[PDB]
Each structure stands twice: as C-alpha cells, then as structure tokens.
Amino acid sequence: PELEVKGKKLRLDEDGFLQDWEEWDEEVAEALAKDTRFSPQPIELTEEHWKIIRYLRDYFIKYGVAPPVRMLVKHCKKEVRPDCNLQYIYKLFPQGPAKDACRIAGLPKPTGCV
C-alpha cells in the first residue's frame, strides 16, 4: 500500500508498516498515527506518545530491531510516569506497542516487539 506524505509516495506493507523506513520524520509519524486504514482508533500524539516514539526509533536505528516490550516499559517508567504499565501503554497505543507504536515510529516490521 502507499502513504503519501509531503509529496512522497511511501511504501507500506499490508499491516501498515513503513517499508521506506529511512523516509520517516515527524510528519510521517503523524500520518501513520492518523492512518485509519490500519487502525480503528487514530491517535493524537501527546508528549507522552512522542517520548515513547523517540525511544523506539532511536533503539531501532542503534540496535537494528524493535525493542522488546520489557524495554519500552522500563523507559515509560522513567520518562513518562513511574506507575507506567502495559495498561497505560495500550491507553496511549490502543492496538499495542507492536501494531501501533512501532508502526508510528516508522519501523518496517514489528519483529521483536514482544
């Protein structure tokens, strides 16, 4: 499938993930967050969402894969709220960290976000 952002026709897979992952930026993230082809609950990206997205993206660029959910929770506890837990991650990202957060962060696959 395609996602057109700022004139660029970006390739998605059939789960909505950005295959042209190197083209991601904050406007692409917004487009992905609002992409109702791939979610029935489009998201507003609050400061809390953006802390998670930035961590996930940085992890993927450094380490080459999505982080496990364990690591996302470890970050959410320090940088979002100390009581963060899986319920809170799903409040932010209703389809979960793999299907929503990794997708919005522009990873090409959710592989490893478990």
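In case it trips you up, residue 1 is the first one in the sequence shown, and so on.
Note on 24-32 vs 72-80: mean CA B-factor is higher in 72-80. Sort the modelled residues of the chain by CA B factor and residue 5 lands in the middle third. Among the modelled residues of the chain, residue 108 sits in the lowest third by CA temperature factor in this PDB entry. Ranked against the other modelled residues of its chain, the C-alpha B-factor of residue 62 as given in the entry falls in the highest third.
The PDB entry assigns residue 51 a C-alpha temperature factor belonging to the highest third of its chain's modelled residues.
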